[PDB]
Amino acid sequence: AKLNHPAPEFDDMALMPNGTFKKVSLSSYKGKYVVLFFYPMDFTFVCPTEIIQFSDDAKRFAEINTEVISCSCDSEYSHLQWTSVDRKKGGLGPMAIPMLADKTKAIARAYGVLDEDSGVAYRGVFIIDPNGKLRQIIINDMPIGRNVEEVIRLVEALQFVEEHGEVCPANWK
Amino acid sequence: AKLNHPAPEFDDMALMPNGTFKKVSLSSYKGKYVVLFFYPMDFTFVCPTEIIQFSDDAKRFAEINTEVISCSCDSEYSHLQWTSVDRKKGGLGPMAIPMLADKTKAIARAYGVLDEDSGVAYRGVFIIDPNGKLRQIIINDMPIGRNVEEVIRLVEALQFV
Amino acid sequence: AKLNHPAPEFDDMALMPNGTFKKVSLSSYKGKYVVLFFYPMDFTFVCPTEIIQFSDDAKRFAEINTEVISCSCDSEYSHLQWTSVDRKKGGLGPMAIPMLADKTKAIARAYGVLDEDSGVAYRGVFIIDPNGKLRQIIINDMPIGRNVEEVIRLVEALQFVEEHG
Amino acid sequence: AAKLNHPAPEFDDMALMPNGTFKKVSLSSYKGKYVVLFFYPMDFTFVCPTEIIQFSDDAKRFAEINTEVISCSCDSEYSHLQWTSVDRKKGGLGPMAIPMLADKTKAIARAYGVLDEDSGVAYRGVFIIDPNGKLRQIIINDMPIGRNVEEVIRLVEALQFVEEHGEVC
Amino acid sequence: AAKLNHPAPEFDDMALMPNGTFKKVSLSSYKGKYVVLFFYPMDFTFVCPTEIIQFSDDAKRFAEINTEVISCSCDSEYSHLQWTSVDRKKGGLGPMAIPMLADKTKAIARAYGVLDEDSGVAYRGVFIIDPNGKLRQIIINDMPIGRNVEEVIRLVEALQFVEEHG
Amino acid sequence: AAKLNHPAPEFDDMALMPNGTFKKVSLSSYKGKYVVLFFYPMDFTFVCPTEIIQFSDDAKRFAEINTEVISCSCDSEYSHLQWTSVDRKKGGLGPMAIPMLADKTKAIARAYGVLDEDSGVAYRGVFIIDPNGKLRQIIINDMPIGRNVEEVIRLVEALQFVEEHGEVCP
Amino acid sequence: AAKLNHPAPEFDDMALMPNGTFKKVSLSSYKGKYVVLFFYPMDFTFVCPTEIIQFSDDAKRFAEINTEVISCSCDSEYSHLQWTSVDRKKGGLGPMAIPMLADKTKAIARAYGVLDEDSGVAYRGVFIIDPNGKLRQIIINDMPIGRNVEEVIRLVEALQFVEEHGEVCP
Amino acid sequence: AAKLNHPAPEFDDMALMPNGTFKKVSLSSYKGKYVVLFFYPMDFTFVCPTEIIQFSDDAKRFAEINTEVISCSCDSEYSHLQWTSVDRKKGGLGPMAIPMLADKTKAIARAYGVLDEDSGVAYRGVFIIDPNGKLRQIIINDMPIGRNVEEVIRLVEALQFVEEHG
Amino acid sequence: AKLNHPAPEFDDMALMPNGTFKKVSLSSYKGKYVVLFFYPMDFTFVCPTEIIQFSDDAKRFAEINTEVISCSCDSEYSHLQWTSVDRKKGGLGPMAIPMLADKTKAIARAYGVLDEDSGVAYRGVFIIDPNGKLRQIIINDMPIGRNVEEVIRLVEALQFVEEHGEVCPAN
Amino acid sequence: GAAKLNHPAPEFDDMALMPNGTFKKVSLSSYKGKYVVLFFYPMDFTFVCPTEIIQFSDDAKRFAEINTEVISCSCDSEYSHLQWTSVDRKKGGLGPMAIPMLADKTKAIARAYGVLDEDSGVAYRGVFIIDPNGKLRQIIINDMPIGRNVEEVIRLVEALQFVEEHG
Ligand SMILES: [Cl-]
Ligand SMILES: [Cl-]
Ligand SMILES: [Cl-]
Ligand SMILES: [Cl-]
Ligand SMILES: [Cl-]
Ligand SMILES: [Cl-]
Ligand SMILES: [Cl-]
Ligand SMILES: [Cl-]
Ligand SMILES: [Cl-]
Ligand SMILES: [Cl-]
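Residue numbers (the deposited numbering), protein chains in the order written: chain G, 6 to 178; chain F, 6 to 166; chain E, 6 to 170; chain H, 5 to 173; chain D, 5 to 170; chain C, 5 to 174; chain I, 5 to 174; chain J, 5 to 170; chain B, 6 to 176; chain A, 4 to 170.
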């Protein structure tokens, strides 16, 4: 998993937005920016605010040619049980984001986000560009939530450089 | 995982009967017969049953110096979400059996029950004696339920000797 | 010896039902369900029963497209001699089941049923489906008999999922 | 390389102190405080500063929260100095409140897996080491994408929060 | 398989004693007497119990000359018994005066290089170990060729002659 | 090693023919007849002819039953000759009806696992190869224990018996 | 690694051209002229670029004799520039007539075996490559010992002398 | 390898002393003074003594500055002598004030990486070892390019300067 | 088998001068010069003249502190048998030299005189000095006889270099 | 080094100081057709032992008469050989030789014939006889202080030829 090197190919089951079970692959997205992010387990004893925040800003992301997708070492079936429970009662409720499920752990390992000791992933976030290359690495510890707006900043930031020929200094725009 | 050889030691999180999260080890049971059995996934579409049958006959088992315990590659959490949901609505409802969760897959592998290709365990059932030795191996395919009464027969049968 | 993976091919001498000595192979059964089961030694001091039960329910099994066959690390000749003694006097008497004899131990090892230390097999039972794939593993300790009815349950159970689902 | 929740890779090498001295700094020196190690490619880069500076400035604000920060690049201690002498106003860097590591050896960049073996310089990497000396945050930005110092802070504060809550007896 | 004038391969396994007991016999047990170890393929044979018996009979004659004899095959101690129960008259074996080794393990056959890895049984092998525990005679007959027990004796006497005078 | 029912180890080396020539003999030459290969330690031993001779004599009797015999030792073809020149009466060997192999190389002794690496000579080994070139009998006597030629015959006849009908076991 | 009379190690990396451009220079570019490659530790030193400069100055004199010269150090192309902007009068370097290689990779220093793995910088090395691209002179001074540019010339001239005729002395 | 600022490769071999003796010289013997070791291809080469000689002459001048010099080639101690006997005037070498190493073994040439494995002779190498026995200067001239002894001196003086002061 | 290095130790059966069978070792000779020489086979068709020449000059050798001994890959018994035949009838007759017999071939190999292909040794001749070191190697092809006088010359020559410090050049 | 008997002798190809005064690279294959006598000596201006070297040079004629060519070899330079050939035999020199003098500065040859004393770096008094077919047929290695007997070398060559001619 190096930068400016084709991101690790992932191909596995995912709980589509609606309710289908489709096998998703990173090559599917060849053409758009992709935001892959990981989370430890599913039926978390806290506020799925993090996972959700992405699902919500999903629209806002799509607006900027970027698709996002989650991932964890839980079963496609486990995802749904969680998507069935109402967001109001500690559930997750319908997501606008596909939810990867690598029961194999092959993906977590590929991105070096897996904690071999526990068997779950860290709060990782990667941004793959339209050409299929990895261009951003971020790995938060297990209790530290992420800032979705930042992810966006970064994406926009990346696109800026693709559009024009200059770079982006500290705290951009 | 050989017969008449100390069963593979397992030590991992388990959803106790009540609702606690306790790390259970096979050595904890040193003194009683143990019945370890595996199942693929948790919120299995259409398939619950089997797991329950064990939880119920749990009493009947305890009666004969044997404790039973489940196991699957699902999280202590994703599964709980399954002890509270009502048995009536495809749920599982309170279990009298501790439910092992090896997110690590270390246990499934140890008993050679893991399907490396899918990442889940087959319907395996093992019987460890009071001295901590493995004395019975049974591995059913993914769609073939087990007969709990038989497991008992076997345990009683073992004790007879 | 993994599940849903083509069962280990066995090809060795077997004491046919009648009295002939024929070399049997697992591929011969390609088309029917097969029940392979092992037992330690031949004459022993109380180990009839189990072996027989299979031979008897043999008919009942055949009724459900399944053939059964035994196996142990004893010679084809030792099998015969045991089949000659009358069931009534601790013997075995005519079997409706072919009796494999792997003097080589190649089979016991293939199914991971051999106790390398003693040189004999554990009470193992496997069910191969018509496509030649292993679909059930059962290994009982040396002193624990098996329940043939259960084996059937399992076979029927397997077939059920074949038709439906 | 470096894993999370595992003692961060020890670094021990020359650094251009805030004032103007040349002192060999080590990660163990900071055992007790949170540390923010961040990398940048080269030194007299037309627009690599800005980012570098922001840290130097928020240095005070960081110190306020028990965290010390330090830069690093594959340039010479002397090259750092020279860059520090030029006035911030004329594309320079001007006095920093941050020590500036210089691993001419590239040993550090490699240790944190931030080195681009092909070019020989480091990517915009940022790591947060806790007071116990363990790595707890990884961030690697591409060569043209600046970082958001405020976020680093958020993260540090965030980490500390979790420390305070849930504990001893 | 084994070398001459070199301590014979140690064997330690179950054997169907003369009477009817099941005792674990070892080659070291015989340290002091000459030993005749001989192998045979399978147990409930066809026409070859002859050979096995001849030894059992000349067992007395052998003992007379400080030599003990013992058989061996890859069949179970229980299979040996069952064969010893059938009356010699009806193709059986009947009571033997010789212990009958049973290496279900095949460890012995291999040690003497008498095992046919392909079939899993031993060839008609015969070895003579001296009182000091050293191998001093090797003989391996094909599967269908019987042995001449008198010869084995000749050999033993022959060996003793040499140790005697010199 | 080489084993039973497996093509016997091919040997190809100098031998002191019956008459007095020096010919290189090979086991394949005999493809068609039974062969009896037997070894002996050294040549001018103070008591090793007895045995060697017996074979030479029963050579005729053997030939009668489609079997050829041949000796072998780690001595030189020339050493064999010498020994053959001395009259049997004076501890010699006298003309043999059997070819006498000489593997100065020791390649043969090793091939049949009859060589005592420590001393460099062979043990009293005797092997019977069938007409198809397969080894069917192994016998290795210690250095001081003579062999019984009649037995070798018994065994050959015995083998042939089974090649015609079912099987023997006297 | 680098041997004499063997094609010099190929170098291909960024260099701060005389004027002010950033061009990737390669040793093959010079195929045809004699080249003088010389190393120096670091860029902004408390020393006097005298050594580095002397080359830049005699650059003309060198060119006069079909030889091009080029520096190299493990500092960034940007660092070179910065050092080139400072006026020679104030401890700077000032415009150079020589391209200044920058191997941030250290690949070059290693190739010529001038790198001090421990510190990460190069020793005062000087090599002379001939028009055919072969290495013909090795010189490695310690870190504090300056070089004598005139000598480098002597050597070049000396080498050329042999090219036309057939042998030289001191 | 022979690296800078690392103890120079120890050399210990026969050398034709100034006078005419054959003594085995070692680099440790010089521990205390600066040493100038220099190599040359072969011995009786029609042209290119000159170089070797220049050193012998400036030997005095060198000694004046705490430095001893010594030559080396893959030729025999005897071959050196024979060359020293011929009068400098007739293409000879004549008495040298410098010990002349002879590594018939080639061990030395290799140690300093001056050997041309293909031909079997050394290149015009010159190394300066400091009083602590460390290598501080490397110079390797091609086979046809003479060296400038004055420079070697410059370098030595130069080295000493940095030592004194600093 | 290098020069000026302790000769390869040999320890094996040898047909003593008289008629005994004694196991001889090179260390036994520690103190005298030893001449070890090999020959292919025993009862060859060609005249043993070479082997014999040594046995005869044995006396002359002994006179100069040197003992000589033969060796071949033939059995001690075979040597015996060859020694009984009268020299006159192509035999060898009593030897004044011990005759080594390495049925093992270990010696021949040790001195690099064995022709692995045939199994016999080449006409090799080695001279070991009193300190047990090898000081002369000579290996003649199978059909080329040796010149015993030369072996002597060499021994004397070696000894000369011992008494005096000077060297014994061409002759 | 491997130099077995009845096996093609180790090929040598290296500078040699020809009889006259030229420097020519000689090879063992050049002699394919004649018998060759290769012999080694330690060093060149050796305090003594040229006598040995010379004897060969002289009997060179006598050797040639019997289809055999001889050639020396040592680890000294071609130039060193020359310089030794210039000094008059009368004053401890060598004087014009009728034999080519190999010079293996590389030591490749000494090693090939297993005549090199790795410790000192020079060769032992070795002498080998190669037959016209290029096979080695005689090995002789004398210690450093023991001179050789050229007549014997001849005896051997003649001896070899005899066996060739006959059978
Ligand atoms: Cl990277
Ligand atoms: Cl098992
Ligand atoms: Cl499995
Ligand atoms: Cl990690
Ligand atoms: Cl043996
Ligand atoms: Cl066998
Ligand atoms: Cl070089
Ligand atoms: Cl260096
Ligand atoms: Cl040598
Ligand atoms: Cl040889």
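The beta carbon of each residue, even a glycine, is placed where N, CA and C say it ideally should be.
Proximity test, Cβ basis, 8 Å: residue 21 (chain G) and chain F: no
Counting only the same chain and skipping the five closest in sequence on each side, list residues whose C-beta sits under 7 Å from that of residue 90 (chain C). 96 and 97
In terms of residues, what are the limits of the beta strand (DSSP E) holding residue 4 (chain J)? Only positions 5 to 170 of chain J appear in the structure, and residue 4 (chain J) is not among them; the question remains open.
Sequence-distant residues of its chain with Cβ nearer than 7 Å to residue 35 (chain G) (five each side left out): 137
Starting from the Cα of residue 31 (chain B), find the closest Cα among B:166, B:115 and B:51 and give me that residue. Minimum Cα distance to residue 31 (chain B) is reached at B:115.
Any heavy atom of ligand 2 closer than 7 Å to the Cβ of residue 117 (chain E)? Answer for residue 117 (chain E): yes, Cβ within range of ligand 2.
On the DSSP bridge list, what partners appear for residue 75 (chain I)? Note: residue 75 (chain I) sits in a beta bridge opposite I:42 and I:104.
I believe residue 142 (chain H) touches residue 144 (chain G) by the beta-carbon criterion, under 8 Å. Please report the beta-carbon distance rounded to the nearest angstrom. The Cβ separation is near 4 Å, so the contact holds.
Could you tell me whether any non-hydrogen atom of ligand 9 is closer than 7 Å to the CB of residue 7 (chain B)? Under cutoff, so the answer is yes.
Taking any Cβ of chain G, which residues in the region 117 to 149 of chain H have a Cβ under 7 Å from it, in chain order? 127, 140, 141, 142, 143, 144, 145, 146, 148 and 149
Between residue 144 (chain I) and ligand 8, is there a pair consisting of the residue's CB and a ligand heavy atom that are separated by less than 7 Å? yes
For residue 170 (chain B), count neighbouring Cβ atoms within 10 angstroms of its own Cβ and tell me buried if that reaches 16, exposed if not. Residue 170 (chain B) counts as exposed, since fewer than 16 other beta carbons sit within 10 angstroms of its beta carbon.
Residue from J:53, J:71, J:167 and J:131 with nearest C-alpha to residue 13 (chain J): J:131
Does ligand 6 have a heavy atom nearer than 7 Å to the CB of residue 127 (chain B)? no
For chain G, is any of its Cβ atoms less than 8 Å away from the one on residue 163 (chain H)? True, the Cβ-Cβ gap to chain G drops below 8 Å.
Looking at residue 43 (chain A): is its Cβ nearer than 8 Å to the Cβ of residue 101 (chain A)? no
Segment contact flag, the region 13 to 26 of chain F with the region 46 to 53 of chain G, C-beta cutoff 8 Å, min 3 pairs: In the pairwise beta carbon analysis, the region 13 to 26 of chain F is classified as not touching the region 46 to 53 of chain G: fewer than three pairs are separated by under 8 Å.
Give the straight-line distance between the Cα atoms of residue 160 (chain B) and residue 151 (chain A), rounded to the nearest whole angstrom. Residue 160 (chain B) and residue 151 (chain A) have their C-alpha atoms roughly 12 Å apart.
Using the Cβ count rule (16 or more neighbours within 10 Å means buried), how would you classify residue 84 (chain E)? buried
For chain D, is any of its Cβ atoms less than 8 Å away from the one on residue 76 (chain E)? no
With H, G and I counted as helix, E and B as strand and the rest as coil, what does DSSP make of residue 128 (chain E)? strand
Close beta carbons around residue 92 (chain B), own chain, < 6 Å, minus the five adjacent residues each side: 98
Count the other C-beta atoms from every protein chain shown that fall within 10 angstroms of the C-beta of residue 166 (chain F), then say buried if there are 16 or more, exposed otherwise. exposed
Test: residue 96 (chain E) CB closer than 8 Å to a CB of chain F: no
Closer than 8 Å, CB to CB, is residue 108 (chain D) near chain E or not? yes
What are the residues that DSSP puts in a beta bridge with residue 166 (chain F)? Paired residues: none, contrary to the question.
Start-end ranges of the beta strand (DSSP E) lying completely within the region 12 to 63 of chain A, minimum 3 residues: Secondary structure within the region 12 to 63 of chain A: the beta strand (DSSP E) runs of 3 or more consecutive residues, fully enclosed, are 16 to 20, 26 to 30 and 38 to 43 (chain order).
Where residue 94 (chain J) and residue 73 (chain J) are concerned, what is the direct C-alpha to C-alpha distance, given to the nearest angstrom? 25 Å
Under the three-state reduction of DSSP, which class applies to residue 149 (chain F): helix, strand or coil? coil
Under 9 Å from the C-beta of residue 49 (chain G): neighbouring residues of chain F: The contacting residues are 82.
List, in order along the chain, the chain F residues whose C-beta lies closer than 8 Å to that of residue 58 (chain G)? Here the premise fails: no neighbours, minimum Cβ distance about 20 Å.
Whole angstroms are fine: how far does the CA of residue 77 (chain F) sit from the CA of residue 108 (chain F)? 8 Å
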